[PDB]
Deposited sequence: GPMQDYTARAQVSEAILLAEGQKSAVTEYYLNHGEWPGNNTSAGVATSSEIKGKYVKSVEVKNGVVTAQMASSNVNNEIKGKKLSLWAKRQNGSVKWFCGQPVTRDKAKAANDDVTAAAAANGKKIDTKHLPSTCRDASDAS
C-alpha cells in the first residue's frame, strides 16, 4: 500500500544520494585517462563497504558504473539487498548522468554504452520503488 511504497522509495533515495557522491571522482578519472575506472580504489573513492548509510550497504564502481546496494535489516522487504546503477556518457563538452536498474560495462574503454545487468537472480530494485529521475533503461540516451 501507500505507506509501504513511500517507505521503500525514501530508502532508495538514500542509495541514490550516496552513489551521487561518487560522480565527481568517476568523471575525473575518465577525463584523466580516456577510460572509466575499473574499481573504487582506481577511482580514488573509498572501498565499497565504507560507502554506507542507514539503508545502504555498499556502493561499487565497476568500469565507471556506480552501483548501490540496499541494506537488509532495516529496509522494506521488496528492496532488501537490491541494487540500482548510475552511469555517464560523454556529450563532448560535458557528461550526462543516467540512473536506473543495474547495468554493466564490459570494457573500461564505446559510445560509453552499458548493458542491463545479467547476474542470475538479479536483485534489481523494482521500477515502482525507483524515483521518477532514476528510471533510465540501459539503452537510454
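Note: segment 110 is the sole part of the deposited sequence with no C-alpha coordinates in the structure.
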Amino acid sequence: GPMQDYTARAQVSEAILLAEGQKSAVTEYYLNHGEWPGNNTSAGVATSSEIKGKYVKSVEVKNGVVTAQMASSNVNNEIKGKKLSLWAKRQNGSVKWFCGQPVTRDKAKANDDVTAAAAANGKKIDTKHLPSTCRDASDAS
From here on, numbers count along this sequence of modelled residues.
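A summary of the deposited B-factors shows that, of 24-32 and 63-71, the stretch with the larger mean C-alpha value is 24-32.
When 97-105 is weighed against 33-41, 33-41 comes out higher, by mean CA B-factor as recorded in the entry. Between the residues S58, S85, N77, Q91, it is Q91 that shows the highest Cα B-factor in the PDB record. The entry lists a Cα temperature factor for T127 that places it in the lowest third of the chain's modelled residues.
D139: CA B factor in the middle third of modelled residues in this chain (values from the PDB entry).
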